[PDB]
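Residue numbers (the authors' numbering), protein chains in the order written: chain H, 2 to 131, 138 to 218; chain L, 1 to 217. First comes the structure, then the notes that go with it.
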């Protein structure tokens, strides 16, 4: 059972957005599907559920008149049509499959929807440079909306890496990422943080050089 | 609308020790058909929620025997016999008996490990950032336990509250630690105006601060 959601992104208050969920691995028309969302405070909220054949549709009352749900059983696909979006609707949206006895039995990876008037803005990426280990980072500043993606040396360096959660300040997110590597291998060998921000189609590869 | 609460909000527990999470509904959640559709979900950091338990006490397929569900009417419990590090995260109850279906607000399970002190790094801004009129100064406090910590910025010896942003990781399941970032954002003009930059970190692993510092030269 694979479920993969798409179509998320930034939209202005009042606007519209269409989400998709593609299923495989099962006879799609036999199972009810559901949309479930998670706000930035991490509360989960059921939004709607639609029966296998699509005749019965149950949803939250606050989305009646605005959200529409349907499914194409031939194409193995589920859809959510949003309109009159409000800032409260900002959330990760998850599709999910029912199963005898339980409600949200298999979940997808989710797709992030940001309802807001802030302009899209690509990140600026800056090297953070300064014992057997040494710590480096990069600062990803002034971007919008979430998410960004940060790898070190194109993924060849997962060992001692963490990324801090982004922080909003005046319509722009800011985030940082640290890596820890052996002193003897840096500067001698190179360290490069790779940042991608799909919402602006930006990719920056920023080499950490000593001061 | 039916209504779920969970307790406690967070739950600190040692490896191999036991844990219990309570879920209360504001009214009965028996379905007309006779069943109780109460389910428990676990969301590990950076992941989708996963089903653990359905209809109050039935372990979903693949879920370890260490998880068990009980309760009746309006009160329910998730018990974990023996806590592993992988079990870290947020646990949500959910009722599926009465439209609109609802979740509890979540319960953070925290692994209690041996105390650890932060490893402090401090970073002057890049020349690339200065050239465009900005100057961020960053402090990393890596791999410490417990999560409570105080950080402060001093510039030429005096404190700075203004323009300081802080960010904590979730707890890491590899070790069982927390990290935090602290950033002080200034103009190049405000940055060149001073010389000594310092973050001091306070934590129960020591009676006295951990201080990293640099001089703009």
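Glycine is no exception: its CB is placed at the ideal position from the N, C-alpha and C atoms.
So which residues of chain H does residue 144(L) contact, with C-beta pairs closer than 7 angstroms? What residue 144(L) touches in chain H: nothing, since even the nearest Cβ is about 12 angstroms away.
Which first and last residues belong to the alpha helix (DSSP H) in which residue 112(H) is found? No alpha helix (DSSP H) holds residue 112(H); the beta strand (DSSP E) holding it covers 112 to 116.
Mind the definition here: the stretch 120 to 132 of chain L touches the stretch 97 to 105 of chain L only if three or more C-beta pairs lie below 8 angstroms; say whether that holds. Proximity of the stretch 120 to 132 of chain L to the stretch 97 to 105 of chain L falls short of the contact definition, fewer than three beta-carbon pairs being nearer than 8 angstroms.
Is there a C-beta anywhere in chain L that falls below 9 angstroms from the one on residue 46(H)? Closer than 9 angstroms: yes.
Find the residues of chain L that neighbour residue 62(H), judging by a C-beta separation of less than 8 angstroms, and give them in chain order. Correct list: 100.
Compare the C-beta of residue 65(H) with all C-beta atoms of chain L and state if any pair is closer than 9 angstroms. Output row for residue 65(H): interface = no.
List the residues of chain C that residue 129(L) touches, going by C-beta distances under 7 angstroms, in chain order. Judged by its chain identifiers, the structure shown contains no chain C, and its protein chains are H and L.
Residue from 209(H), 217(H), 107(H) and 14(H) whose Cα sits closest to the Cα of residue 198(H): For the residues 209(H), 217(H), 107(H) and 14(H), the minimum Cα distance to residue 198(H) belongs to 217(H).
Under 9 angstroms, CB to CB, which of the residues in the stretch 65 to 94 of chain L have a partner in chain H? Here the close residues are 90, 92 and 94.
To which residues does DSSP link residue 189(H) through a beta bridge? Per DSSP, 140(H).
Just by C-beta distance, which residues in the stretch 1 to 12 of chain L are closer than 7 angstroms to chain H? Answer in chain order: no residues at all.
Inter-residue Cα distance where the pair is residue 305(L) and residue 142(L): Residue 305(L) lies beyond the stretch modelled for chain L, which goes from 1 to 217, so this question has no answer here.
Who are the neighbours of residue 105(H) on chain L, taking C-beta pairs under 8 angstroms? Going along chain L in sequence order, the residues near residue 105(H) (Cβ under 8 angstroms) are 39, 41, 49, 51 and 94.
Smallest Cα separation from residue 64(H): which of 57(H), 118(H), 82(H) and 75(H)? Across the set 57(H), 118(H), 82(H) and 75(H), the C-alpha of 82(H) shows the shortest separation from the C-alpha of residue 64(H).
For a cutoff of 9 angstroms on Cβ pairs, would you count residue 113(H) as touching chain L? With its beta carbon at least 9 angstroms from every one in chain L, residue 113(H) lies outside the interface.
In this structure, does DSSP put residue 37(L) in helix, strand or coil? Coil at residue 37(L), not helix or strand.
Closest Cβ-Cβ distance between residue 25(L) and chain H: below 9 angstroms? Contact of residue 25(L) with chain H is not assigned, every C-beta pair being separated by 9 angstroms or more.
Compare the C-alpha of residue 55(L) against each of 30(L), 131(L) and 105(L) and name the closest. It is 30(L).
How far does the beta strand (DSSP E) with residue 78(L) in it reach, from first residue to last? 75 to 80 is the span of the beta strand (DSSP E), which, as asked, contains residue 78(L).
Any C-beta of chain L sitting closer than 9 angstroms to the C-beta of residue 2(H)? Residue 2(H) does not count as touching chain L.
Mapping the DSSP letters down to three states, classify residue 43(L) as helix, strand or coil. In this structure, residue 43(L) counts as strand in the three-state DSSP scheme.
Can you give me the Cβ contacts of residue 16(H) inside the same chain, cut-off strictly under 7 angstroms, excluding the 5 residues immediately before and after it? The beta carbon of residue 16(H) lies closer than 7 angstroms to those of 86 in the same chain, with the five residues before and after it left out.
With a 10 Å radius around its C-beta and 16 neighbouring C-beta atoms as the bar for buried, classify residue 3(L) as buried or exposed. Taking all protein chains shown into account, residue 3(L) has fewer than 16 neighbouring C-beta atoms within 10 Å of its C-beta and is therefore exposed.
Using a Cβ cut-off of 9 angstroms, which residues of the stretch 114 to 127 of chain L contact any Cβ in chain H, in chain order? Answer set for the stretch 114 to 127 of chain L: 119, 121, 122, 123, 124, 125, 126 and 127.
Can you find a C-beta in chain H that's less than 9 angstroms from the C-beta of residue 17(L)? It does not: the Cβ of residue 17(L) has no partner Cβ on chain H nearer than 9 angstroms.
Considering residue 171(L), what are the terminal residues of the alpha helix (DSSP H) in which it resides? Boundaries cannot be given for residue 171(L), as no alpha helix (DSSP H) includes it and DSSP labels it neither H nor E.
Could you list which residues in chain L have their beta carbon closer than 9 angstroms to that of residue 218(H), in chain order? The answer, in chain order, is 124, 126 and 127.
From 34(H), 213(H), 196(H) and 119(H), pick the residue whose C-alpha is nearest to that of residue 202(H); which is it? Nearest option by C-alpha distance: 213(H).
Tell me which residues share the same chain as residue 166(L) and place their Cβ nearer than 6 angstroms to its Cβ, disregarding the 5 neighbours each side in the sequence. The answer, listed in chain order, is 182.
Restricting to Cα atoms, I'd like to know which of 164(L), 27(L) and 16(L) is closest to residue 66(L). For the residues 164(L), 27(L) and 16(L), the minimum Cα distance to residue 66(L) belongs to 16(L).
Taking C-beta to C-beta, are residue 194(L) and residue 155(L) nearer than 9 angstroms? A contact, by the Cβ cut-off of 9 angstroms.
Residue 39(H): first and last residue of the uninterrupted beta strand (DSSP E) it sits in: Per DSSP, the unbroken beta strand (DSSP E) holding residue 39(H) starts and ends at 34 to 39.
Taking only the alpha-carbon atoms, compute the straight-line gap between residue 205(L) and residue 110(L) and give it to the nearest angstrom. Spanning the alpha carbons of residue 205(L) and residue 110(L) requires a straight line of approximately 18 angstroms.
How would you label residue 8(L), buried or exposed, when you count the other beta carbons within 10 angstroms and need 16 or more for buried? Exposed: under 16 other Cβ atoms inside 10 Å.
Comparing the C-beta of residue 109(H) with each C-beta of chain L, is any distance below 9 angstroms? Cβ-Cβ to chain L under 9 angstroms: yes for residue 109(H).
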